[PDB]
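Here is how names work: the chains are called A, B, and so on, in the same order as the sequence lines, proteins then strands, and each is numbered from 1. Atom set for the values below is all heavy atoms of this structure, side chains included, hydrogens, waters and symmetry mates excluded.
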Amino acid sequence: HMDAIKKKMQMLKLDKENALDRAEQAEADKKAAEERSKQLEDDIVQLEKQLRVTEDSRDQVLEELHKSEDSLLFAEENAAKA
Amino acid sequence: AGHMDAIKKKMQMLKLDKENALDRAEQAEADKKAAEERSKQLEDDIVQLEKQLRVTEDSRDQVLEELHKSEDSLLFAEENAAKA
């Protein structure tokens, strides 16, 4: 009869629509994750920049410490020799 | 074939649309999990990078402090000579 069939056909359309709604939701979550990733990536680039800059500054000051330390020693020596 | 053959071809068809949509829903769920796992990975990356940045900045501050102390000490010596 046209009942059992029409109802089954309707159940099949319904089931498809539900799967489509599930895909829609997952897709929405995918894009939220992707946009967070983009923010994290920018954050990383920036913190990497800060790291390189800090490393190079650290090196400069370390080298300046040695020179100062040396100059101090030479000042003590010279005073003592005077 | 006018008859149930034609109406059976439809049923099959609707079964297909359903199967395809289910398939696509599964694949969408898989891409979502993948995108989120990429995010977690970058979070791990930033946690690690920040640890390295905190160490380097603390090290740099410690050397800089030491340097300022040494510099002041030397300057004293020099101002003393300059003033004599």
Please classify the contact of B:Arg38 with chain A as side chain, backbone, both or neither, using a heavy-atom distance under 4.5 Å.
both
Any B:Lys10 side-chain heavy atom under 4.5 Å of B:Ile7 side chain:
no
Less than 4.5 Å apart, any side-chain heavy atom of A:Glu27 and any of B:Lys32?
no
Max heavy-atom pairs within cutoff under 4.5 Å with chain B, candidates A:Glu69, A:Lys67, A:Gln50, goes to A:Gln50
Do the charged groups of B:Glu57 and B:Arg60 touch, with an N to O distance under 4.0 Å?
no
Within the structure provided, determine whether A:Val45 and A:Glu41 are in side-chain contact (heavy-atom separation under 4.5 Å).
no
Give me the atom names and distance for the closest heavy-atom approach of B:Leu49 to A:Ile44.
CD2-O, 3.7 Å
Residue, of A:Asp59, A:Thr54, A:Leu40, that accumulates the most heavy atom pairs under 4.5 Å with chain B:
A:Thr54
Verify whether one side chain among A:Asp70 and A:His66 offers a donor that lies under 3.5 Å from an acceptor in the other.
no
If I measure from the heavy atoms of chain B, does A:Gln60 come under 4.5 Å with its side chain, its backbone, both, or neither?
neither
Check: B:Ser39/A:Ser37 side-chain N/O donor and acceptor closer than 3.5 Å:
yes
Let me know if B:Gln41 has heavy atoms under 4.5 Å from chain A in its side chain, its backbone, both or neither.
neither
Any idea which of B:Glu37, B:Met11, B:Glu50, B:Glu36 has the most non-hydrogen atom pairs under 4.5 angstrom with chain A?
B:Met11
Taking every non-hydrogen pair under 4.5 Å, which of A:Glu64, A:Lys31, A:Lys16, A:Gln25 racks up the most with chain B?
A:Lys16
Chain B shares the most heavy-atom pairs under 4.5 Å, among A:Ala26, A:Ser71, A:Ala32, with A:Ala26
Most heavy-atom pairs under 4.5 angstrom with chain A, which of B:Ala77, B:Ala30, B:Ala21?
B:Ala21
